[PDB]
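One chain is shown next in C-alpha cells, namely the form deposited in one PDB entry.
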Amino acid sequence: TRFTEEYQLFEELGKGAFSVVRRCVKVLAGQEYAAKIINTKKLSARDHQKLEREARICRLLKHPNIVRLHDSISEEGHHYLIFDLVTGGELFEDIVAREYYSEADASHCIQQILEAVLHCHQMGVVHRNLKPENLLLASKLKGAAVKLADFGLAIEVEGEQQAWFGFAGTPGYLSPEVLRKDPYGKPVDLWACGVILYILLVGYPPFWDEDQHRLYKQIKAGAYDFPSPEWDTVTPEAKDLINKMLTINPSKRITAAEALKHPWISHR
C-alpha cells in the first residue's frame, strides 16, 4: 500500500493494453514522477513474466541518457513502476516543430542515443522499440539531454547469443531480420538508430508506404535513397554513418561502440 499512501495521481501521459502512464506527486516530498500503472487483476502467467522482465531491466539500467526507475510497488490488483518525470516532451514533437536538425544538433542528439543503446547492450538489454516517440527531452531548452524510455518491449540476451525472440517493434523502425523472422539481437537497435538519424537530418523517414506489405518489402531490401532537395547539402560522412546503420546484414551492421567512434560523431 506504499503507492496509495504516499502518491497522488494527475493527468494521463499514455495508455497500453493493461497499463496507463500518469504524472503523480509524492505528496510529502513535493516531487513529481511518471507512474506506469499495470492492472494485475487476473493477469496471465506470461503477462506477469513481462511485467517482471520490464521491472528487472529498468532496475539494471543506470545511465544519464536512460529514464531512471525510482521505485517498484506491488499493491492488491495494481503494480506501480515509478520513473523520474522527463518534462521536455518526445524527440518526435521536437523534430516536427523544428522540421529537421542541423548536422551538429543531429550528431549531438544521435551521440546521446548511441550512449544509451551502448549501455543497454553492455548490460544484456535489447530495446527492440527505438524511435523518436521513445526518446524524451530533459527540458524545452536547446541542447537538453535525451533519455531512452519505454522498455515495455525490451528483452534480456546472453552476451552475443541471438535467437528468434518473436515479432515486436514499430513498422517504420523494424529491422530486416525481425521482418524476415530470422534470429536477431543487439543489431536491431542500430537499424532503428539509422531510421532516427535519417529523420533528424531531413525530417521524414527513409521507409514509408500506405501499404504495410510494400513498407516491409522496402525495409527488407534496404530501398532508401537521398533525394533532392533536402539531401543536397548533407555531408557524405552523415550519409556514410546512416548507410552503416541501415546495413541489411546485421553481422556487418555498425555497432553502438563503433558508431560512437565514427568521425561524424567523434571528430566534434
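Sequential numbering from 1, following the sequence displayed.
Same protein, other form: the form deposited in another entry, not shown, and the subject of what follows.
- Hinge residue, chosen from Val202, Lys186, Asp240, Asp84: the C-alphas switch from fitting one rigid part better to fitting the other at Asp84 when the forms are compared between this form and the one not shown.
- Relative to what is shown, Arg46 and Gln161 are farther apart in that other deposited form; their C-alpha atoms differ in spacing by at least 3 Å.
- Look at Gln161 and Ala45: in that other deposited form their Cα atoms move 3 Å or more farther apart than in this form.
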